[PDB]
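Chains as they are written, first to last, in the numbering used here: chain A, 9 to 366; chain B, 350 to 566; chain C, 1209 to 1417; chain D, 5 to 136. C-beta atoms are modelled at their ideal positions from N, C-alpha and C, and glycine is treated no differently.
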Ligand SMILES: CCCCC/C=C\C/C=C/CCCCCCCC(=O)OC[C@H](COP(=O)([O-])OCC[N+](C)(C)C)OC(=O)CCCCCCC/C=C/C/C=C/CCCCC
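Pasting the structure below:
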């Protein structure tokens, strides 16, 4: 039943990704055909940048990959162009889907083939996490800012925010699933731990997105400077920190950039094993920035059209923040197993080991 | 720098008895110094609301202005057919420094029930031929919605580029439209062909209506 | 309390032009006056304002291109160098709170073409309600007024807005629907008036045998 | 009877460099023919003459008067203004309070942001470079 579960979950995940991309393109087309071209240009640029980063990540991973992945129907030469054409992610998805389908169809495939399928699933999970924090979060913030600024919310925008929510949920659940699966003996009920992890992560992530959206709608010309400054500071922090995630040392600039970007929205373990120090510092920084943005919105209150109910969304945001903090404390202090320390996915092992210090 | 007014949406529709809203966004703080105007086609505009909320003299209570700062909104209720017109906002906050720029305009279209168009055709008069030009007129009368397609067929041939359409605004009494299509041809071509038809397609027509005539007959 | 503009006409690009707005029922020393223009089928552009004390303020885009002045009873708006982009209807408006009292407006056309009288042709009634009308074709510049039976027939009168033609002259038709039994007994005459060419034409529209 | 005048906005909050427009209105009959604006000061009220410091403007019509103050200053402009209308049957007054917001409060999310960035960089740079 494990093979069936893995294949169905992978199909659901790829379907969700496809849906997110489709709704994003639909919203861009709607904006372009209905009016202002700046919104369409912004979403197109954001999507392109996220896609370029993902393609570079996948290409670098395949290049660094040692002897393996021999079931590559497209020639290595063709593979590079395929990834270059923003088709590397889709290639990984279809590769995992085909591998899982073949494994399931076979009466009992060899453990080597099973391990290969697991390797593909772990790699796609990592890419899903990077893709969600690099595209869904910025897209969600942009959509919310556009809605709060224009004042006219549409069905396509509502569908886009709901799809973004579903994508973030699946991405976080799958990432925690992989992290807990890379640890030996699986002694705890991983489904519950993954559910609570995703719950607190999304509960504290949403308020940050809402705050950034409010700031963007109140001062669209300062978002660039604000994001660049915070992103540069986070990048410098990562530079001061240790990073040995992928074999290529020079190519790690992409990893540090992605880590800084994901840190700009939530918490993502970087390295070492000392916790409660950097997590607390990060939480204080995030809280201060969110409070500052909220204060700016309050100061320039009468500056947006009467669209989405803010006197109703804000209390929900504060409640979600409190609930997320409580659940995060519960999951970290008590419900957090560590367990200490054939192709084996060393990237996932690296992350899991740096995620479970004890 | 002159204050620029951003009036949205460009068009807005509602059924008889409904309610519409229009938003005007000022480039800077204008406090409560925004006036609303209603301009009907041809006639001069008419002041509806001043100081962003005070109703003008002799104006029905259906019009209600709200807002302040940089965001204002006009709302109409129990929409009658006599409300079909273009509405404009205008800032007058310290005109000596920011001017009094007007809004882009908001065409308010009432949505009545569907009405089939009465089709009539008019051949060119002998005097116009004496002059040396022939104009055939196809008149679509008292219909709704506004979208309708008129097609000119001369000896079963589909014409294009030698005709001109004109559409009137919504009637104040029954919210209906009227449209004229004026096919223009020289004397020679007019005498060349024989049968002239006007294929009219509209939502209120379950089948394309074709009014036609024969030259001479 | 009312106002009435005058001075609209056709002029060649560059020739100056002065429009006059005559108030009635109030003094110009106790109220300000605005000048607002509107291009054909466009929105309203605010041109300028003259206060009661005499201070004059002009819109940013119109600085220098216009000049406002006033006497004890009329307000004058002079255009120093009209361009093709200066053809529009001009309204004068009393400024109290916004602009309450407005004028009928005068049309100013700036083009190189010359004036041309209108040609009127009858749209004979077809053969329980018949339609018939008058085709006002090949005239310039705007506007032309059409009335039925000296203004005694208004119900069912549809005057279509004019449209630019290939030749560059305007054309429009004025149609009207009437009871079919009245075609034999009631005389329908259309009265077209084109002030820019001083052309008055009363054309009867008789039915066809 | 006696006239009754009231302000359109009893309290306003503008910023320096711009131009405030205070306006009083009245609907009594006979209408208010003449209007006069005074600025309240300690123990005395000073008349506001048109053309003063090339920045004041008064535009008065029957029953309505606008006071335009150009180039809002942080020292002399804020305060209380009194509009007084004198119809043939008497006179009335209204009080409007004007505050001038400065660039200190206007550029609040710029200084705030750069301060937070500075604090963050110092915190991490001592927490890692030397403390860690
Ligand atoms: C090589 C360098 C790479 C890294 C940097 C590159 C990109 C990252 C940053 C992107 C942000 C772009 C900001 C664009 C600024 C210019 C906007 C503009 O000129 O106009 C914006 C438009 C204005 O509208 P208006 O005139 O009506 O405003 C009237 C306002 N008032 C009423 C107050 C008068 O308003 C709007 O568009 C409102 C909506 C704005 C939405 C902003 C979303 C920001 C999202 C950030 C997440 C980014 C992640 C990047 C990750 C990269 C990983 C590699």
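Check your understanding: Going along the chain, which residues of the segment 1219-1239 of chain C sit with their C-beta nearer than 9 Å to a C-beta in chain D?
Key -> Under the 9 Å Cβ criterion, the segment 1219-1239 of chain C contributes 1238 and 1239.
**Study point:** Under the three-state DSSP convention, the category residue 1398 of chain C falls into
**Key:** It is a strand residue.
Check your understanding: Any chance the CB of residue 1332 of chain C is under 6 Å from a heavy atom of ligand 1?
Key -> Residue 1332 of chain C: no, Cβ never under 6 Å from ligand 1.
Point to revise | Run of the alpha helix (DSSP H) containing residue 1271 of chain C, from where it starts to where it stops | key: Going by DSSP, residue 1271 of chain C is part of no alpha helix (DSSP H) at all; its letter is neither H nor E.
Exercise for review: Round the Cβ separation of residue 1244 of chain C and residue 1230 of chain C to the nearest angstrom and send it over; I've been treating them as touching at under 8 Å.
Suggested key: Incorrect: roughly 17 Å between the Cβ atoms, too far for contact.
Point to revise | Residues of the segment 1298-1332 of chain C whose Cβ lies closer than 9 Å to any Cβ of chain D, in chain order | key: 1303, 1304 and 1305
Review point. Do residue 529 of chain B and residue 485 of chain B have their CB atoms nearer than 7 Å?
Key: no
**Study point:** Closer than 6 Å: residue 176 of chain A CB and nearest ligand 3 heavy atom
**Key:** Absent from the structure shown: ligand 3. Ligands present: ligand 1.
Check your understanding: Looking at residue 224 of chain A and ligand 1, is the gap between the Cβ and the nearest heavy atom below 6 Å?
Key -> yes
Review point. Along chain C, which residues have their Cβ under 8 Å away from the Cβ of residue 351 of chain B?
Key: Neighbours of residue 351 of chain B on chain C, chain order: 1267, 1268 and 1269.
**Study point:** residue 310 of chain A: contacting residues in chain B (beta-carbon distance under 8 Å)
**Key:** 417, 418, 419 and 420
**Study point:** Stretch-stretch touch, CB-based, cutoff 8 Å, three pairs: the segment 395-403 of chain B with the segment 378-386 of chain B
**Key:** A contact between stretches requires three or more CB pairs, one per stretch, nearer than 8 Å, and the segment 395-403 of chain B meets this requirement with the segment 378-386 of chain B.
Check your understanding: Mind listing which residues of the segment 397-408 of chain B have their C-beta closer than 9 Å to chain D's C-betas, in chain order?
Key -> 400 and 403
**Study point:** Close-in-space but distant-in-sequence residues of the same chain around residue 11 of chain A (CB under 6 Å, 5 per side omitted)
**Key:** 111 and 112
Check your understanding: Per DSSP, what kind of secondary structure is residue 152 of chain D in: helix, strand or coil?
Key -> Any answer about residue 152 of chain D is impossible in this case: the structure gives chain D only from 5 up to 136.
Exercise for review: Quick one: residues in its chain with C-beta nearer than 7 Å to the C-beta of residue 1408 of chain C, no 5 flanking neighbours on either side, listed in chain order?
Suggested key: Counting only Cβ-Cβ distances below 7 Å, and skipping sequence neighbours, we find 1401.
Point to revise | Partner residues on chain C for residue 453 of chain B, Cβ-Cβ distance less than 9 Å | key: 1251
Point to revise | alpha helix (DSSP H) runs wholly inside the segment 50-108 of chain A, at least 4 long, in chain order | key: 84-90
Check your understanding: Using DSSP with H/G/I as helix, E/B as strand and the rest coil, what is residue 155 of chain A?
Key -> Residue 155 of chain A: helix per DSSP, three-state reduction.
Check your understanding: Just how far apart, CA to CA, sit residue 58 of chain A and residue 102 of chain A?
Key -> Residue 102 of chain A has its alpha-carbon roughly 20 Å from the corresponding atom of residue 58 of chain A.
Exercise for review: Give me whichever residues DSSP pairs with residue 362 of chain A in a beta bridge.
Suggested key: None, per the DSSP bridge assignment.
Exercise for review: Look at the Cβ atom of residue 1294 of chain C, then the Cβ atom of residue 1318 of chain C, and state whether they are nearer than 7 Å.
Suggested key: yes
Exercise for review: Give every residue of the same chain whose Cβ lies closer than 6 Å to the Cβ of residue 11 of chain D, excluding the five residues on either side of it in the sequence, and list them in chain order.
Suggested key: 28, 98 and 100
Point to revise | Helix, strand or coil at residue 450 of chain B according to DSSP, with G and I counted as helix | key: In the structure shown, residue 450 of chain B sits in coil (DSSP, three-state: anything other than H, G, I, E or B).
Exercise for review: Identify the contact partners of residue 65 of chain D in chain C, using a Cβ-Cβ distance below 8 Å as the criterion.
Suggested key: 1238, 1239, 1240, 1260 and 1304
Check your understanding: For residue 223 of chain A, which option in A/252, A/183, A/277 and A/155 has the closest C-alpha, if you only look at C-alpha atoms?
Key -> A/155
Practice item. Note down, in chain order, every chain C residue with its Cβ under 9 Å from the Cβ of residue 68 of chain D. Key: 1304 and 1305
Review point. How far does the beta strand (DSSP E) with residue 1242 of chain C in it reach, from first residue to last?
Key: 1240-1246
Exercise for review: Grab me the residues of residue 187 of chain A's own chain with a C-beta within less than 6 Å of its C-beta, minus the 5 sequence neighbours each way, in chain order.
Suggested key: 360 and 363
Review point. If you draw a straight line from the C-alpha of residue 353 of chain B to the C-alpha of residue 1266 of chain C, how long is it?
Key: 15 Å
Review point. Is there at least one Cβ from chain A nearer than 7 Å to residue 372 of chain B's Cβ?
Key: yes
Practice item. Tell me whether residue 385 of chain B sits in a helix, a strand or coil according to DSSP, three-state version. Key: Residue 385 of chain B: strand per DSSP, three-state reduction.
Check your understanding: From this set, A/91, A/70, A/107 and A/77, which residue's C-alpha is nearest residue 18 of chain A's C-alpha?
Key -> Comparing Cα-Cα distances from residue 18 of chain A to each of A/91, A/70, A/107 and A/77, the minimum goes to A/107.
Practice item. Would you please verify whether the beta carbon of residue 380 of chain B is less than 7 Å from any beta carbon of chain D? Key: yes
Practice item. Examine chain D for any beta-carbon lying closer than 7 Å to the beta-carbon of residue 446 of chain B, and answer yes or no. Key: yes
Point to revise | Straight-line Cα distance separating residue 549 of chain B from residue 443 of chain B | key: 53 Å
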